[PDB]
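For reference, the structure discussed in these notes is given below.
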Amino acid sequence: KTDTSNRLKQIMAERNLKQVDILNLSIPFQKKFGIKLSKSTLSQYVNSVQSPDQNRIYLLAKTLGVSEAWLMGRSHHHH
DNA sequence: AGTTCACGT
DNA sequence: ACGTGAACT
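Take 2 as the starting number for the first sequence in the authors' numbering and just add one per residue.
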């Protein structure tokens, strides 16, 4: 339903990462930027229950090595 | 490991 | 409307 949900699922499929896998990779970035992230929050992202806010869109962009705009976009193409 | 929801913001 | 942990499967 949401763009973020489709962008996360795309990364999960391409890099064979589970939710817990992406969650663990964000941990060093969480302590660094002071932006916490629980597993229930990530779960709602993937399932279009809720969209990430300003701080967590940045957090996930750094973790997955993608741009904030791509993570918020409809586009399928990396850059 | 992943999901739902009352609650605080 | 957003994140979170309790409680859940």
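We treat Cβ as the ideally placed atom computed from N, Cα and C, and that holds for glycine.
If you draw a straight line from the alpha carbon of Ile28 to that of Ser49, how long is it in whole angstroms? 23 Å
Return the first residue and the last residue of the alpha helix (DSSP H) that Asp22 is part of. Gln20 to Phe34
Just how far apart, CA to CA, sit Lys33 and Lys2? 31 Å
Assuming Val47 and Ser6 are in contact, meaning their beta carbons sit under 8 Å apart, how far apart are those beta carbons, in whole angstroms? 6 Å
Given this structure, state the Cα-to-Cα distance separating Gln20 from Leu43, to the nearest angstrom. 7 Å
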